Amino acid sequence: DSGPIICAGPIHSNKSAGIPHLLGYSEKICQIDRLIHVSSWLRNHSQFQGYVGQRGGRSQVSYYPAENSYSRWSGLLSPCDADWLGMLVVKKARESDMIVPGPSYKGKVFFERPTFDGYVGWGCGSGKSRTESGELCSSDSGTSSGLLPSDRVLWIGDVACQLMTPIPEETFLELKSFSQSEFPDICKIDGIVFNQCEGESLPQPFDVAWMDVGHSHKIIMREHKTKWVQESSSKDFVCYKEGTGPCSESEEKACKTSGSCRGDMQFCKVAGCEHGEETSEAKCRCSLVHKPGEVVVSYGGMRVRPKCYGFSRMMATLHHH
């Protein structure tokens, strides 16, 4: 199942240990492999002690729907992953945020859902997990260790996030109007005005393809083309020491700017390497992150590099007839 980007699943020794704010790119990626970011999210917004993902790491997270394409590429970023990298924010849920039907919420400590205007996460505190409906947290006699397995984390949707090419407002408004034309029946998505109706139906599950282009709200689509392009930027490479683990911020910068480290076929072509020197020792090696590339989306006569893209369940109100 997938596998980790750099760091194998954590074996935490203390639920009370602090989470260190790391600056290196590969340092942050390592924390992402070990679900340190979801644990940080749980401690912040829910008053939860410890970690999730013991021995499992990010690769053993559970998904809705369970069969997930982007799950198989360890290098594709979930909304939580991009949040840790500061590309977006997964907000704490409020009572108004609609919990969607279909996921198996029972025994889950955290779950996350992309909404029409953002990304929302639901947490549980120490000693508790979600009921069957997801509406509440209830006492869970298996969670008091504070060192919980990965499948207690639920990521809803088949999602890939990346560095976007920002687009001007004119592009977004045109993209906005095309989506309105493709979905004339819809009124509100996740409580946010999509069209003007006055005549709405009750909220209803809505599996839709969308994309984040870094504006007011997302852009949902029916007919679109997706293409994966390769870009070989430094963010496509992670650097590790054999034995030590992820390289520091300064060692990673040196590797990616000075052709002084070792790497695989792709890394040496991009930034350069040097062999014939390596004694016993151990310096930093940088390898390619396993992904199809960057996703580029054609829609409504346009073509964008979006912040996020995927097919996920949102809630929609329809036109009354």
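In case it trips you up, residue 1 is the first one in the sequence shown, and so on.
**Q** In the PDB record, does 165 to 173 or 120 to 128 carry the higher mean Cα temperature factor?
**A** According to the PDB entry, the answer is 165 to 173.
**Q** With reference to the PDB entry, specify whether the mean Cα temperature factor is higher for 143 to 151 or for 156 to 164.
**A** Higher mean C-alpha B-factor: 156 to 164.
**Q** Could you tell me which one of 280, 257, 26, 39 shows the highest CA temperature factor in the PDB record?
**A** If I rank 280, 257, 26, 39 by C-alpha B-factor, first place goes to 280.
**Q** Taking the Cα B-factors listed in the entry, which of 84, 210, 240, 105 comes out highest?
**A** The record points to 240.
**Q** Should residue 64 be placed in the lowest, middle or highest third of its chain by the C-alpha B factor in the entry?
**A** As the PDB entry reports it, the C-alpha B-factor of residue 64 lands in the middle third of its chain.
**Q** Please say which third, lowest, middle or highest, residue 264 falls into when its CA temperature factor is compared across its chain.
**A** Highest third - that is where residue 264 ends up once the chain's C-alpha B-factors are sorted.
**Q** Is residue 8 in the lowest, middle or highest third of its chain when residues are ranked by C-alpha B-factor?
**A** Answer is middle: the recorded C-alpha B-factor places it there.
**Q** Could you place residue 198 in the lowest, middle or highest third of its chain by Cα temperature factor, using the values in the record?
**A** Residue 198: CA B-factor falls in the highest third of its chain.
**Q** Split the chain's modelled residues into thirds by Cα B-factor; is residue 290 in the lowest, middle or highest one?
**A** Within its chain, residue 290 is a highest-third residue by C-alpha B-factor, going by the deposited values.
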